[PDB]
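Heads up, the chain below is alone and in the form deposited in one PDB entry; it's given as structure tokens.
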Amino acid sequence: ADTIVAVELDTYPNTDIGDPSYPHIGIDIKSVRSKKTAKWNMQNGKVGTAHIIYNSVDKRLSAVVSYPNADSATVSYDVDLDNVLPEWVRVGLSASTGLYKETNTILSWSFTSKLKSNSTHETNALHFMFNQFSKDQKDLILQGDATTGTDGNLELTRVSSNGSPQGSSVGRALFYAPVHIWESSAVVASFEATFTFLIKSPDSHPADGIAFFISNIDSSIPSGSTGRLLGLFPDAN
């Protein structure tokens, strides 16, 4: 099975599987039932921004999601990723729709990771920044319904030609190169992730959400994980 650590931007409450009775952001550690959540006042049709950060000194994973001229939603959870994830992982974005839909458009995405080992200035680093996505984005592994090129944007889930969002859709984009998330002999290790999105929903309720995730290198979308599973988990356990 895949080892998943994700920060979810959950637009649809599934109170039956542990979701809060309102849209929220949460920290998922190997389960869709977030170890921590915070109320999120999602704004339909508006471009928002998410920022996720973590460092081995504090061993705390935090995220802030906000819209311009609007209060932000913050969520933090104490977790030592050395004990949860493998040394080498892959990072990506995931999204899904179920009975209800919304567009899960990504306008930009950047990530920076640094590892300092026991030596002078000996820091290994990785950084990538996407502001425009091309039709042939070779450095991205697109899974499921995810597609690039539409207006230079990344469409995680299926959107028809007339621009309307489709139900029962799942899609992910993983950066091509494996990321060395930690090392036993590292003094300091940290990562920063930032992405802007546009969740637009024409129907009754928006669903199901977007999630930033870290996984084992060979991770793939679990079969049937549309809807509430965010394309990350095989079941709601």
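All residue numbers refer to positions in the sequence shown, first residue = 1. So that the term is clear: the rigid core is the largest set of C-alpha atoms that superpose within 1.5 Å between two forms.
The same protein has a further form, the form deposited in another entry, not shown here; the description that follows concerns it.
(request) Of 99, 126, 84, 141, only one moves its C-alpha by 2 angstroms or more between this form and the one not shown once the rigid core is aligned, so tell me which. (result) That would be 99.
(request) Indicate whether residue 205 shows a C-alpha shift of 2 Å or more between this form and the one not shown, with the rigid core used for the fit. (result) Moves: yes, 2 Å or greater.
(message) Relative to what's shown here, the Cα pair residue 204 and residue 72 differs by 3 Å or more in the other entry. Does it come closer or drift farther?
(response) Those two alpha carbons end up closer in the other entry.
(message) Knowing the shift is 3 Å or more, I'd like to know if the C-alpha atoms of residue 32 and residue 101 are closer or farther apart in the other entry than in the shown chain.
(response) It is farther: in the other entry, the C-alpha atoms of residue 32 and residue 101 lie at least 3 Å more apart than they do here.
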